[PDB]
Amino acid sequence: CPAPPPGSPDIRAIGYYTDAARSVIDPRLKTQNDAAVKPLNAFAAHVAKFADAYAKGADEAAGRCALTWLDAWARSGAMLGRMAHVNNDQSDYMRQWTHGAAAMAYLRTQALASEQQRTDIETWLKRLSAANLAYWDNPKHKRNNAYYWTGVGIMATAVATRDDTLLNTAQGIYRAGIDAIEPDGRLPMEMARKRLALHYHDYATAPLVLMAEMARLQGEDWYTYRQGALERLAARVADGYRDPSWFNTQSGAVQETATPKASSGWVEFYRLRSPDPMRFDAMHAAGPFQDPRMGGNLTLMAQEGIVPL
């Protein structure tokens, strides 16, 4: 169990797209951001690694290692300070992603927490929930996939703390994404991403499915809300990796060629809930999928449950 990095309260990320559709990357700005947020990505990668190792069984020390990192960042007020604004809201986006990563790890390992670990971490996760939510109170921040990624951390905090208020808030974030799906299956704000339109339909589906999957831990079936709307979106993503013809036309740009990876692992869960599971076999074959921002190994979590028991 390596030493827990410093949990600085401040974040100074750097946005790195060159165009209005945020679809072409400035490599020098990308490298600068990668270095600037390195501690935040490192924190996410490790707590998820420890949670995965805990889930393997016969390794409670790993689960305890995750809790020590979480407790350390909680006690230092990590990410609750200044969200430095350079050329966009990338610092707030990092806090959204890192809150989700931290909350998923706590949700998976909290059985091993001590009482002060429980109180320190849960108070911190709720403070992050409140801060990330306040960001979206500004109507100028359009509620695209970043809004649904915010819901990952809200929902994981809601379930881990059994907080009915936060549960209702997270349900509203999820349902806001379901409501945004058009009859043809598109998400307009993600279709505006030109060559990354398919990638961002995939990237928007991922937190919606993970939220629904966490709702199952509370016995709830969120796939019945506007039943079939999430299926149309998920099916477009799967069809898009087979043939980008539709995304090309609807987005006005030839899609960037890429295979499913990382957060695409929502399919591991969703293929178990879809009315036509075999439609997702081609995406499933690209597994296994691992993403710290979603709790770690999505392939194993889909098979064994999010919380190891």
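Heads up: residue numbers just count along the shown sequence, starting at 1.
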query: Which of the two stretches, 203 to 211 or 184 to 192, shows the higher mean Cα temperature factor in the record?
result: 184 to 192
message: Highest mean C-alpha temperature factor of the two stretches 54 to 62 and 265 to 273, which is it?
response: 54 to 62
field: 98, 91, 157, 110, ranked by C-alpha B-factor: the highest one
entry: 110
task: Among 175, 126, 162, 236, single out the one with the highest C-alpha B factor in the record, please.
output: 162
message: What third of the chain does residue 307 rank in for C-alpha temperature factor, lowest, middle or highest?
response: middle
field: B-factor third for the C-alpha atom of residue 152 within its chain
entry: lowest
field: Where the record places residue 287 (Cα B-factor, split into thirds across the chain)
entry: middle
- prompt: Once the chain's modelled residues are ordered by C-alpha B factor and cut into thirds, is residue 135 in the lowest, middle or highest one?
  reply: middle
message: Ranking every modelled residue in this chain by its Cα temperature factor as given in the entry, which third contains residue 86?
response: middle
